[PDB]
Structures are given as C-alpha cells and as structure tokens.
C-alpha cells in the first residue's frame, strides 16, 4: 500500500487499492475523435454463431466486437461492430428449438441484450431479440467486478453485480424487456460462482470468504418462487488463496477448485487433491476446456507459462465412470494470457492485454529444449500506453509518435507513422513529364533494363545500365510527338500506337516491318493496350486492332454516340491476354458504359452526378469481386461493380478527394496486386478484407506512373511530377504504420534530446534474491554504469537510445531500492549545455509514504554519461517541468521552483503547499495548472516582481484526476478515473473578491477509456483550431480540437437528426451512452461533439442521407469530408 506502485498498477490497469481506502487513509465548443481503435483483448469465446456448420471465434475489445471463421489455414474476418458501451460479459447459448446460438451481452452501464446473426443475401445484420436495463437504484458495486453466468439448460441467467444480492433473468420466449428479480444472499463477499452440470433444478456452486478462511457452498434456485432451497452437498473448507471454480461436464460432474499450490476436486462425497511443485512459483489466471468430456484442460500463468491438466478416469464394473487422479504438465511459454480459447486440431488462440496476442500450435513431440509450443501468428497490441512523445526526425512537416508500450516481458517501444512510405534513391529534378513506360532491350530476358520517358508533347527512349542515367534512342522509334503506349506484349514485337500512326516493330533486327495509319487524318484522343492487344478511339468512333506477329489486323470498329473520354482493357482471370469485356468513359453525360471487345456490341450504360469530365478509369481485379474505377476532373472517385459473366450494378457511394484531378493505373506489390491513383496526394487502393484503402503517400505529388522491377530496383515504380521524378519500394499499405523495438522490461517515461540525437527512457526490471531472470536491454547495453551516491526486487535504469538504429547506447543503474519517477531534458539558466534531469524516490516495504528522494542532473557527451549535481530532497518527486529558465518540481504535496547558478547547483526560490498530493503539472506563459490526486484542478500564477506564487483560482467538486492539459489561455481540460472528460473555464463574474476564485465546469463528456497522457501535436502534414493527442490503457489513440460557435450549432443539430435514424446494436440510446457518469452524479453531455457519429454519416445510404438534415446532401458531404482530414 505504497503510493508509487499502486499508481503504477493503475497506469497498467491492474487491480489497485479501491479509492475509498485512499479517502479513508487521508460556453465552450470542442470536438473529439478517434485515430486508432482499441487493441487490447478483454474476452473471447468460440461456438456456432454464423451457421450450424461453422466454427466461430468471437473477440471483444473495449467497445468493438469481431467475428472470425476458423479454417485450416487460420482465421478469416466476417464482421466487426461497435457498441454504445463497454462490454463486460459475453456468452453464447442455444435454447431448445433453435438452429444456431444467440449471444448475451452486458455493458458496464448495466445494459443487457440478446443478439442474433442474420445474413440473408450478401448483406449482414445483427438483430436484437430482447433488450433491457438491469440497474438497481440503491447499492454499491463489489470487488472483482461483474459476473454473469448461464444455465447449461438455458433456463435462467445469473448476475452478480452488487453485494448481498443475486439477480436472476428468466429465459422464456416472453420477457422481451428482460425483467429480472433479486434473491438475497447471506454471504456478502463472493469470489467465484458457476452453474453445475447434470442436475435437476438449476444448481449453483460458489466460493466465498469470511472470518475463519474461505469456503465453498452450493444452492438450488427455484425460479417458481424466487428463493434458494438447498444444495446437493454441504460446505467444506478450501485453501486461503482459492480463486478459480471449474464445472466438469456430465460423465464426472462435480467441481474443480484452483488456488496456489493446490488443485482440488469435490463431488458430493468424493474428494481429491494434488499439490504439484511447479504451481508454486506463479499464479494461474485463465482456463479453457479442451475435450467435450472434460478430459483435458489448459491453464495459464501470470508470467507466460502454459500448462495442461489431465483427468484420468476409471471405468466402473457396473456404474458410471469415476476419476482417480490428476496431473499437471508444463507445455511451454507464450505471452501472458488474459483470454485463452482452444480452436481445433491442436491450435490455440492466446489473447493478451499486456502484449501482442498470438496464435499457437501444440505439437506431440518436444523439439529442442523440450517444448511442445510453436508460434504461428502474432496480432499487434499497442498495450497500455504509459507515455509518448511527438518527434519529427526527418525534418519535413510531418511528425511521428514514439510510445512506451507493454509490460514486464512484453515491454517495448512503438513508432507510429502516417501514410505510405517510399524511399527515394535516384533523386534528380526533372520538370514536367507527361508519362512513363518500360521498354525491353533484349529478348524476353529477366527484369527490364530500359525505360521510356514522355514529355508534354514528346516520347524519348532512354537506356538504364544501373544507377546511372543515359540517353540512347534506338533508330526505330519516335522522338518529337506523344505516343499513348510503347510497351511490349509477347512474340518478339514492339508496340507503337501513336496519335500519328499505329505500328509493329522488330526488336532483334531493330527495324520497321509494317505500319497502319488513321485513314481520316483525324488524331486519336485516348487508346488502351494491356498485355496482348490494343483498343483505340478517335473522334466519335472506336477502332480495335489485335496485335499479331509482324503485322496488324482491324478486329473491331464502331462509332460512339458521344465523344470518347477514355477506355481500358485488362484480362481478369482465365483469359491469357484477351479480355472479352471493355468499358468506356465520357465527357458530357458522365457515364461508364459496358461494351464487348470482339464486335463492340452494346452491353449497357450507367450515368452519374456532376458535370466535369473524368481524368482516368480502370477495370480492376483484386478479389473475387471485380471493380471499375473512374476518376473525375473535380476530385470525385467513383467505383462500380463488375460481374464478368453478366455485370449487374454493384455498390456505389459518392466521395471527394483533393483539388487536382485523379489518374489511376495499376501497380505491383503482391500477387493480389492493387491499383494506385495519382492525385494531389498519391493514393493506393488496396484490399484489406473487402473494402478500399485510401492511404496517402509521404510525397508532395505525382501525375503518372510506371512500375520498375530491375535488379538494382527490385520492386520499385517510377512516378512523374510537374517537376520531379519519384521512385521507391513499398512498405505496408494501411493508414498507420507501427514499428516495434523489444526491450524485455517495463518502460515508464520517454523524452527526446535533439542536440545529442538520442532518446532517454526510464525502465525497470524484476530480479530474484540478485542474479538474473533473462537477458534484457538494461543488461546487454553497449556501455553501463552504476550510481555511487553517498547520502523479487525492482531495479530501475536510465537508457540512452540511438535514434537511427534504435539500439541501447548506454545504461545507468540507480541505487538500491530507488524508483525513478520523472524525466525531463532541458537547458537551465545561462549554461549552454542541455542536460537530462531525473527525479526519484526511496521506496520501502513497511512504511506507507515515501520520505526522501534525489534530483540528478546528467550530461550525455561524446560517448559517455556524466553526473553534475545531486540535491537530495525530503519526499518523492512526482513531476517536473522547465518553467522559463528555472525548474518546477512537485515534492509530496508541495510545488517548488529551483534556479541553476553559476556553480552548477540548484537553489530554492518559492513554495506552495495548500494542495494534497500534487501529481500532474503543466505550464503555459506564466500560469501553472496543478492536477490533484482527489482535489480536481488548481490555477496558479508567478509574480516576477515579488518572485513568488499567487493562487488565482481553484475548482471545487471532487474529481479523481488522471491527466491534465492546457488548451489555450482560458480553457483547461481534465480526464478523471471514471472514464470521463471535463473542461473548466475562468469565471467572468462581478464582485471581484470571491466568485472569481471559482472555475466553472463548462464541458462534460463520457469517453469510456482511461487516459494516461496528453500531448500537443499532430500526425498530418502542415475550420478547427489547435490539436491535442491522448493515449489510453486499452491502446487507443484519440484527438481533441476546438471549434467555433456556428459550427458547433450546426453539428449538434446534425447529431440529433443522425441518431434519430441510425439503429444501435443493442438498442442503446446515444444520449444515454455519452452522459457524464460517476457514482455521485449523472448529467447530460454538453459542450462536446463526438466525431465518430458524425463521420458515420458518410457510410449511410442516399435516401437515409436526405432524411438527415432535411441543406443539401452534398453541402454536408463537403463539411464532413473536410473534418475527416484532421487525422
């Protein structure tokens, strides 16, 4: 019950001392949105939800629900939904007379629902069979949280929510409101509870604690008269640390109780126990049944070890089987598991809250070092985000996030970056280029070695002998007038389809063979040539010629009613070059039209909105569903569906992009190759599950592309600009890119020091009584040092990390029993050098409140780390900032200001000690905002004349704060530990003595996450004003911004009209979800607008869109699309 460690647990989310014990021991307009969805796993189940012959895995994040189908290769995604609440219970069950299972869900605000998966055609819905709210007016929530269980015969549902009460929900075909009733329990402290198998009336078994140890007991539930009757067997005694109850299935029956160094089996009178030595070291957390009999079980530790529990049975000579013994075997090591589930055929899913989750295989024969476990996949988890910083290493106008993530063995550093990343190698400034093609200089040799530029009105054939550039045109091509395509198809030929003529050329003789010229002297507008044929179009008409060895043949010819804008050709499957289908785009009546290749026979047509002519179009194959993408001269990017057999009109919904028109042409990165679209921002359209990526590129701009696969440029692609050529190799595709650096120990704080080009990271590790546990970064440092002051264990270190290769340059080890709490890096006074300043405290087991600490000043030099000054202090050092040239530090309910003299010392200036436990500290100009432990906020000022502190204002209304930020000169933002956000403001009232010593809470919001850190910055290059990022315990990243008044009114009206139309999954009301909620109060939200709902307006259908804001549809599409580009 020492404060630093309990606060660290709160920072990671582990069960901490309840706040009540801590008590005993003693006019604004904002906009909030999400940039990265939560990633930690709270729960997970398996079953038959989608159909009767499917095996499903269902995963719960904080407010997300994900559904996967289990195949022989791994997992496949089918749906993902978001709920208006925090999921606390999730169970599958199947009533009699049902084809498949239904899902029960309970929310942390006590919303209950039953859901069913209904997939009819190609569309998928989640329908709500019943819904209600099960909250009690009077009572207090218990420890160990909420518990929910289901009878094996689907007769009732049992809930433990409060103390001294057991809530029962009957499960008959009536009860669409989930009416419940309470049964009184004599036992006021229940540890775990479950329903027993193979009984006649619903039987319940549970473990409780009271003076004289903890016990296990049973009951029978009579839902016909609302009372417990009596259990099948009496009450026993169990180990003082019994915590887990398992109900064994039918052939055995009975219960298995798990504690520490004991595993026990009770069934009526039968009783067995084992105490295998391996269980001593660490605690078992989770369990899962492998065999439907109940013949094997999996168990997982707090340190990552995975065990199998075996029940060996005895066949009776005439009676039912019994069991004789129990056995435990160490299987191996994984990540610490919050959820463990078993899938099928020796495959296990390990779901984690403090590390990456992963998919594992169990072998029958131990490999080297005797392990049965072999990893298969990992899924990234940003973990608890305990601290982060914004850094712009490469000196463009775009920053990156660097965060400390994870815990004990899973601790790491994460780098988060925006966009698609190319790595320019041959950078030369060439002005405007009209296009770009390859050319083959040899027979069909391996990767190409020649390229063709094309300028505003010209095409020039280069040569490429490696990294160098050279110009040497073979004397058979064009050099002064633009060609539409010059590439290759097959069979020892070259294409030259010019606006002057069409051609076939010899490559081995490098000579001309034959030519064909337009017999109208009228110049072509747009052509197309894919990989075996060319299709062209002139005036109002369209030719089509197949390219055959050594000559040309006319294969099709037909005029179009309107003037051709563009064409395309591509074989999309079992067709080796010849594409039976073809599409046409038009200027005047903007319309995509389907026309067969062989004879230009009419197939169909479809029109659109707008007037400006399109700039590009392609037919695209990425999945089993083909697409036709057109790109217009305004910024709209339209997509239509292709069924290559018939071609019935598939999905559509309008969109805008950047100001310049878009050019779309296909790239290569994987055998599931996708398309790239050139605009003001190059934009990949890639396949993720079935939808479209719209990710930008870390690039100024590009117009027209051509892939490059040469030996020195293995998977590159040359892109042209108004004045640039841009080439590089492709990283990931999605919007955010995450890079991981493993540390093998817990990080706590991070800070950046530019003039050194390094990071400083505080870290900690655990050591047995002290030798070793495993190699870590604090151990394998390049250099190392130990403190030499003269004024399990945890060992704290300061790590100096290189910013390029991300390796540990140096490690400093602090004194014994010393906890480093805060870190800063700055310049003080008139000294020119920049230091690393660290604040610590000395932590002892018996006593309850630290009473000493240091403030150490380090200088990192050419290759070493020195020490400059020490300044022992009488208390813990919770935070410090660099104020103006001085140092501001909070010492154990006091705030103090220090000065850096010419002797390289620090000297005290002034103090303020009215608060209690000042934890957080932020500064702006001459004001200081102090965030208290349980005393809301406090605003202070520094008076340069008298050189001391003056208390300007204080906020009443107790609040258990967890983070603090300064928005501008007058609005202060705070996050509290019940998952709420609030905004305070300085009251402008008369009577200048008393009511100006008040801050008014002018904004309230319920977020649903636990905020750990705020920081000023943004992730995009270069309506709204300001930008603050925050990070949470579940791994979510969010963004807060300020608005005007007219915009706030507009969007609030929009919010009401939107949630009058959208259907919520469990039929929860958005207004109820976002209300400010603590045990002491509940008020409607005000002063906040949430952008998740607003951004969902772009996913709605055209008729539903006009119902909202019934003042045009596009007039609001523009606004929302503008808002979408903030993050």
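The values are calculated or read from the model by the stated rules, or taken from the named source; these are not laboratory values. With ideal geometry, Cβ positions are generated from the backbone for all residues, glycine too; neighbour counts draw on all protein chains shown.
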Next item on the list: Taking only the range 405-421 into account, find how many residues are farther than 16 Å from residue 762 by Cα and in a strand (DSSP E or B).
Entry: 5
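Against the definition (more than 30 Å from residue 1027 (Cα to Cα) and touching a strand residue (DSSP E or B) at 6+ places or on another chain (Cβ under 7 Å)), how does residue 336 come out, yes or no? Break it down stepwise before answering.
Working: more than 30 Å from residue 1027 (Cα to Cα): yes; touching a strand residue (DSSP E or B) at 6+ places or on another chain (Cβ under 7 Å): no.
Criteria not met by residue 336.
Residue-by-condition table, conditions (1) surrounded by 15 or more Cβ atoms within 10 Å (Cβ to Cβ); (2) within 38 Å of the chain's Cα centre (by Cα); (3) assigned by TED's automatic domain parsing to the domain that holds residue 85:
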{"position": "140", "(1), (2), (3)": "no, yes, no"}
{"position": "163", "(1), (2), (3)": "yes, yes, no"}
{"position": "167", "(1), (2), (3)": "yes, yes, no"}
{"position": "202", "(1), (2), (3)": "yes, no, no"}
Margin query: Criterion first (over 35 Å from the mean Cα position of the chain (by Cα), within 27 Å of residue 44 (Cα to Cα) and crowded, with 18+ Cβ neighbours inside 10 Å) does residue 362 satisfy it?
Written below: no
Check: Would you pick out the residues in the range 224-250 that are surrounded by 13 or more Cβ atoms within 10 Å (Cβ to Cβ) and more than 44 Å from the chain's Cα centre (by Cα)?
Finding: 228, 231, 232, 233
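Might you check whether a residue that is assigned to a strand (DSSP E or B) and over 22 Å from residue 386 (Cβ atoms) occurs anywhere in the range 751-770?
no
Report whether or not residue 220 is surrounded by 16 or more Cβ atoms within 10 Å (Cβ to Cβ), more than 11 Å from residue 255 (Cβ to Cβ) and over 39 Å from the mean Cα position of the chain (by Cα).
Numbers: surrounded by 16 or more Cβ atoms within 10 Å (Cβ to Cβ): yes; more than 11 Å from residue 255 (Cβ to Cβ): yes; over 39 Å from the mean Cα position of the chain (by Cα): yes.
Judged against the criteria, residue 220 is a match.
From the set of residues in the range 27-79 that are in contact with a helix residue (DSSP H, G or I) (Cβ under 8 Å, 6 or more places away or on another chain) and part of a strand (DSSP E or B), which is surrounded by the most Cβ atoms within 10 Å (Cβ to Cβ)? Please lay out each step first, then the result.
Initially, the range 27-79 is screened for residues in contact with a helix residue (DSSP H, G or I) (Cβ under 8 Å, 6 or more places away or on another chain), giving 29, 31-34.
Add one more test, that the residue is part of a strand (DSSP E or B), and what stays is 31-34.
Values: 31: 21, 32: 18, 33: 18, 34: 16.
Across the range 27-79, the extreme among qualifying residues is 31.
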Next item on the list: Keeping to the range 430-467, report how many residues are more than 16 Å from residue 722 (Cβ to Cβ) and either out of contact with any strand residue (DSSP E or B) (no Cβ under 7 Å at 6 or more places or on another chain) or in a loop (DSSP other than H, G, I, E, B) (or both).
Entry: 18
Notebook entry, point to check: Of all residues in the range 494-534, which are within 52 Å of the chain's Cα centre (by Cα), under 24 Å from residue 455 (Cα atoms) and not in a strand (DSSP E or B)?
Noted result: 499, 530, 531
Margin query: Among the numbered criteria (1) buried (at least 19 other Cβ atoms within 10 Å of the Cβ); (2) not in a loop (DSSP other than H, G, I, E, B), which one does residue 850 miss?
Written below: (2)
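Listed here are the residues, each with its yes/no results for (1) in contact with a helix residue (DSSP H, G or I) (Cβ under 9 Å, 6 or more places away or on another chain); (2) farther than 18 Å from residue 8 by Cα; (3) assigned to a strand (DSSP E or B).
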{"residue": "810", "(1), (2), (3)": "no, yes, yes"}
{"residue": "815", "(1), (2), (3)": "no, yes, no"}
{"residue": "823", "(1), (2), (3)": "no, no, yes"}
{"residue": "831", "(1), (2), (3)": "no, yes, no"}
{"residue": "841", "(1), (2), (3)": "yes, no, yes"}
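Under the condition of being touching a strand residue (DSSP E or B) at 6+ places or on another chain (Cβ under 7 Å) and more than 20 Å from residue 179 (Cβ to Cβ), which residue from the range 120-138 is surrounded by the most Cβ atoms within 10 Å (Cβ to Cβ)?
Here is the first cut: in the range 120-138, the residues touching a strand residue (DSSP E or B) at 6+ places or on another chain (Cβ under 7 Å) are 124-134, 136.
When the remaining residues are screened for being more than 20 Å from residue 179 (Cβ to Cβ), the result is 124-127.
Working: 124: 14, 125: 12, 126: 18, 127: 11.
The selected residue is 126.
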